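Chain residues, written in single-letter form:
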Amino acid sequence: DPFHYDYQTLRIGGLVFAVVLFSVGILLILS
Amino acid sequence: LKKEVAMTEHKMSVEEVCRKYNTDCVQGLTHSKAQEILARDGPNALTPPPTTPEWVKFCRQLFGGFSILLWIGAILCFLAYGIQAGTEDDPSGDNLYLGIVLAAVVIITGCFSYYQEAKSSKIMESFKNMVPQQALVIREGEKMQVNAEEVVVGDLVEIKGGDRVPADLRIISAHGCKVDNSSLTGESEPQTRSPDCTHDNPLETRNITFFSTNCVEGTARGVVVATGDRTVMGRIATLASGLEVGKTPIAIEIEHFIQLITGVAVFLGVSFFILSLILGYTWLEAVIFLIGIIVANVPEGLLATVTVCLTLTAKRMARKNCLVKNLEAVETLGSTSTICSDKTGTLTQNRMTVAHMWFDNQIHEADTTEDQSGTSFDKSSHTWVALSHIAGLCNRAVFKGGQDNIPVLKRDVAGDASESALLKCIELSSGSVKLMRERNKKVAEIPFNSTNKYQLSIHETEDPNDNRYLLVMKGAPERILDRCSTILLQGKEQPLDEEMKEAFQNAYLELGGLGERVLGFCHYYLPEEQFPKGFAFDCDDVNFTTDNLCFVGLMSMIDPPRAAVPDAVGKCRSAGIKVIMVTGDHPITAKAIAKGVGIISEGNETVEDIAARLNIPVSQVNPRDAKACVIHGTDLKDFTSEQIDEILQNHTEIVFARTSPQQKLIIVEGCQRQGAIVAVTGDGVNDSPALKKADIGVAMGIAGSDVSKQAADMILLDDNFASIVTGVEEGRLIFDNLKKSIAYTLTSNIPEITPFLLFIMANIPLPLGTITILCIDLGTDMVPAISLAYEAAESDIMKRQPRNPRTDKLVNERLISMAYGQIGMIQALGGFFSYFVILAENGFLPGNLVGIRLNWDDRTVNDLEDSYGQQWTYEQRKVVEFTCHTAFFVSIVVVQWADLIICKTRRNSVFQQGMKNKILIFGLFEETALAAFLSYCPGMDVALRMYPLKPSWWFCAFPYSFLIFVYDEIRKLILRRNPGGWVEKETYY
Amino acid sequence: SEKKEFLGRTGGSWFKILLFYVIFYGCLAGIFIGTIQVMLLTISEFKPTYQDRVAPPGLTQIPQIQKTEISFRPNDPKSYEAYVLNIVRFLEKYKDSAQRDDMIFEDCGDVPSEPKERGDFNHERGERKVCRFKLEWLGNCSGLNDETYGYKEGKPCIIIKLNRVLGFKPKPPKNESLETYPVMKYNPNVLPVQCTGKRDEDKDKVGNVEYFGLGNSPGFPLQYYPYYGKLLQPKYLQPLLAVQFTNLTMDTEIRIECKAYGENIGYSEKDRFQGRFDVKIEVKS
């Protein structure tokens, strides 16, 4: 399908995934 | 050069030495003669090391190691950019930026490995503290203050109390001063001075005062015999400076590992470069392929992992106050095939205290523990309190006022060491000695001297009423026994018996067998019928009684072994680490402390002990019978290298005593020549050269001088030996952990080489790019690799043999098999699976990718037919290739999850040892975070060549990362169930 | 050195380890081929799963040139021999002899017609039929050149070729008084194509371009679309457009830009061949 596979949306989702994983990982160090 | 003579003209009398330098014994020397002899022999300032590399160390470090290849790759990137700017279209920055970042990588690696290879050796500036600037000399019959820099050889130098001597001199006239060397011999015990040549050895002769020492009590004059570099301790300084250091075991292992990996990398690179040239690639293609191979096979982000592992080791062990100077030393203490030890300071408290006593025909052990653990002795017995009175009264030392804020065992007191020990024991036992001395006023006393060997003092009674005059007496046991007539037991007074005297002699011999200078006490209450209160008291004229006294008790005051040294030494020996004791003290005390501490085990005896037990001369008994041997330093001068090696090989627990510092260096070199890794511990200036020669040098913090502590690889600030046993256990731990981290990092090399191998051997589009190789190496092999350094190893460390320094290398042929053979292949297989999945999800069937690379990377063609029938232009398919690069990187991270999970432990499974490491989970989460961030950040594809990928493609590596986990668990299960098998031999890295 | 005839090459006996690695690599290859076959099972044979990476097609040109510039002396046959041989080799497939009736090819609309389909992508129907592209549409040079007459009549006709995409029908613009003013063009069934590079800056209209293709209008016929794949539409011939220059001067480096507009055609920045097309013409006497 020539219409965008989601681009400009998968970037937001990927950034959200990265930041939430970083937050979860950095939580364990302090706790 | 080797300098181990230290010869001095001690035997020659004063006139010969005065004439040989043509120097007046009574008029000193003239100014003109001093000038013309200074113009020959030079100034007294010992020569500092001339070579002072300022920044050439950093340049040499960046030029060497595992880099040359990185510089070659950077040069090739610059060459490729130059080629692309003269033949191709408008120049692209994708190669110049790669070269710049590669140069940045090599610079950061060089400046980061510089942190560990920092030779912190500044022993030159530790000797200016001695030899004070001003010295009192006798020139032209006149006393003169003169600078210590221009004092020459052959001039009268006076020596007062507390003034360190300016040069090695033979005393011409000794005026009652006592000197304590504490430099070459290494003890606080003072020594007498006399022009007579008492001993043939210049070290033990009493007519010389050694350099950088002060005759503590009194004043004496002499003639300088040598100064400057021709000085015994100047010779020691030069030997220490020119000795340099030996490569640490971690340095040797890292050098070998880098050599092996660089050799493999260059071999494979040149092989496939000539293969590509044969295949018919253009120069740009060949150079870019070579750059890819070089940057992929070489693990650039690896020498930055071991450094941080060692830094984390230092941080962890610094919480126990082990100030690590050389970063590599933390590893060396693990190996320590043998450990050399010192007598004073390291194993003792450096000061003498009471250890044993005898009364009521009974031996009582003075307790080093402050609470008197184990009911050491009674405290309510009248005989004991009387003995405490006697020991307290006879002291001629006084505690410093207002120093009650420190425990009594750590308070400095001015006076003799023996009386200091006695008064410290009395203070610890009874209480405030000052109030005690105030209660009993002194009215008459007799000085203590060698010609007397006894001292006496007349005091009153504790109760104010009936102040009977008590004459207290302290001396050698034999003299007091001879002067004695009755014995005091439990307050009552009995008379001497032949059996009682025999028992006293037996006890005295038993105490003397402990290498201690036993003292005997006495006290007589003068009758008031003959010696009333109004009795005249004198010193030179005798008016007291000398015989018909009454013995009260013996007293032992050996310097005690440390509180935590015996158990720690036992633990070190139980870990397979042989312990050798070296010192410059007397052999009897050395053997006594060796037996007490635990260096020589119970039931093992030396050759002389067997000879004495069997009443047979030492010649007729074979030395092979005795495993433990103790030797003097006088026969070591007549010992060659072969003799020392034989002594080390045969005898199992040795103790060396009365050894000069150069002899200590000879001993440590002989110990190291047997293939061992020697670790010497000490605190004095004498063992400063030896501390440099040993692979790791340990110096005591509080009890050690500045020279010893700044010449050591590690300083024990807490000054505890349990610290060093914890250190060796932790060194074993960090070695076993490094052997896992290195294996982890190396496994990622195969999935970065194999894509190039298929790109050159199968003609398929490039699966893995070049910049993404940097991304993988420095982004996904850094945080987990460092986090691996935190987990504690298996519980087998209690029953582990010392590391063999020539068979158990850091990286061996059995670890390359685990990384490059099995674990690495699954990584590349998963990467290729993701490659083929996403190339097959866009139109390129996996069965057609062969033979398409020639037209895939061609710039001109813009109608490349895929498998489904459609066609692509250049950038339109280059976008797909870049997306596939991102997929390869993501799949690498996904499979590195399981790689970390399975490389966590060598034997114990994850289900058994458990994921108790709080930092490994954070590292695993960080692998995902950076991978997602770096593959999805907008505005990055134009620079880092990183395109977004669909969520489903995140799952491509799941059914292969699962396989490697199961495979490693199965091999670990086989390992556990079948010890010593073929699997253990060929797969246990 | 690694001695032999005493104990062996670095111990070994080189059988247990070699057999272990051989069987392990065999198992790795087996699991890899099984997994790749499994992945092959979940992908269709009639359409790519993700066609996003395929954009509005790049308007590539048929005369293949390395340096993206056409330089030749018109008086020397060897100067343009490479271009002529490439053009004729490409267009040998488009000869009317290869196109025949009786379920090989089929007649198709002379006037640009609607984008007629043939059926679903499913394999329940065999090879779908396609139109035919006779060489008789090409001409306007007053000579039967077909492939190419080979003379120095200006320049060798650089016939453009809009790249084909599986299951994609171009959408022509529909509006009045648009950004372009072609005299002979209608909104449907034709995709406007113009050829001019840097007009009025440095080019200043050096030459006059004449377009000839199907329908006597400068555009790609829409009745040929959509493509149905390599397996389902063998011997598929896609629309072709021909351009010629007559009053083209010499001794100058002129850039020429041949672009095709469309509501379903989008442009880019980093791609210099997607949608719009660029080429240089060099002629020297």
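About the criteria used
Residues numbered from 1 in each chain as written, not as in the entry; some residues may be left out. Chains lettered and ligands numbered in written order. Heavy atoms only, no water. UniProt positions renumbered as here; feature names shortened; annotations may be inferred. Helix = DSSP H or I, 4+ residues; strand = E, 2+ residues; numbered from the N terminus. Buried < 20%, exposed > 50% of the residue type's maximum accessible area, 1.4 Å probe, protein only. Contact = heavy atoms within 4.5 Å. 1 Å grid on protein atoms, 1.4 Å probe; cavity = no way out; pocket = protein on both sides within 12 Å on 5 of 7 lines; lining within 4 Å. Points joined across faces, edges and corners; volume = space filled by probe spheres on them. Nonpolar A, V, L, I, M, F, W, Y, C, P; charged D, E, K, R; others polar. Domains from an automatic or database assignment. Buried area = accessible area lost by both parts, 1.4 Å probe. Salt bridge = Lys/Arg side-chain N within 4 Å of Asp/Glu carboxyl O. Axes fitted to C-alpha atoms, helices over the stretch in contact; angles between N-to-C directions. Parallel < 35°, antiparallel > 145°, perpendicular 65-115°, else oblique. Left-handed = near helix turned anticlockwise from the far one by under 90°. Disulfide = S-S within 2.5 Å.

Caption draft 1: Structural detail: the UniProt feature "active site" in chain B. All names here are of chain B. Using the residue numbers shown here, the UniProt feature "active site" corresponds to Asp 342. Following the sequence through the fold, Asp 342 ends up in the loop between strand 8 (338-341) and strand 9 (356-359). Since its relative accessible area comes to 3%, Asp 342 is described here as buried. Contacts of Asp 342, omitting those with residues within four sequence positions, involve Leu 347, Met 581, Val 582, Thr 583, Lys 664, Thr 681, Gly 682 and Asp 683.

Caption draft 2: How the structure looks around empty space enclosed by the protein. All names here are of chain C. Applying the stated criterion across every chain yields a total of 16 cavities of 30 Å³ or more. Of the voids in this model, the largest cavity is the one considered here, and its volume is about 180 Å³. Taken together, 19 residues line the largest cavity, and the ones lying closest to its centre are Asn 145, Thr 148, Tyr 149, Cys 157 and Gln 244. Residues of the lining of the largest cavity, tallied by class, amount to ten nonpolar, five polar and four charged.

Caption draft 3: Expanded view of the domain arrangement of chain B. Residue and element names in this part refer to chain B. Domain annotation for chain B reports domain 1 (14-41 + 124-243), domain 2 (267-314 + 730-987), domain 3 (319-349 + 562-727) and domain 4 (356-556). In this complex, domain 1 contributes 16 residues to the contact, which on the side of domain 3 involves 15 residues. Both faces considered, domain 1 and domain 3 share a buried interface measuring about 1500 Å² in area, 62% of it formed by carbon and sulfur atoms. A per-residue breakdown of the area domain 1 buries against domain 3 is headed by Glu 187, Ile 236 and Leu 243, which together make up 29% of the total. Connecting domain 1 to domain 3 are one salt bridge. We note a salt bridge from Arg 658 to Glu 204, for which the minimum N-O separation is 2.9 Å.

Caption draft 4: Expanded view of the packing of helix 11 (residues 382-393) of chain B against helix 12 (residues 417-429) of chain B. Residue and element names in this part refer to chain B. At a minimum axis separation of 9 Å, helix 11 and helix 12 run at an interaxial angle of 140°. Our classification of the angle between helix 11 and helix 12 gives oblique. Note that helix 11 runs across helix 12; the crossing there is left-handed. Contacts between helix 11 and helix 12 involve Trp 384, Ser 388, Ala 391 and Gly 392 from the first element and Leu 422, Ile 426 and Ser 429 from the second. For the contact of helix 11 with helix 12, the residue count by class is four nonpolar, three polar and no charged.

Caption draft 5: Fine view of the state of the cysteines. Residues and elements named next belong to chain C. With the rule as written, the count across this model stands at three disulfides over all chains. Sulfur-sulfur distance for the disulfide between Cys 108 and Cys 131 comes to 2.0 Å. Placement of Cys 108 in the loop between helix 2 (81-91) and strand 3 (160-162) and of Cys 131 in the loop between helix 2 and strand 3 is noted, with a sequence separation of 23 residues between them. Of the residues examined, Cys 108 reaches a relative accessible area of 25% and is grouped as partly exposed. Residue class for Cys 131 comes out buried when judged on its relative accessible area of 4%. Across the disulfide from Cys 195 sits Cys 258; the S-S distance is 2.0 Å.

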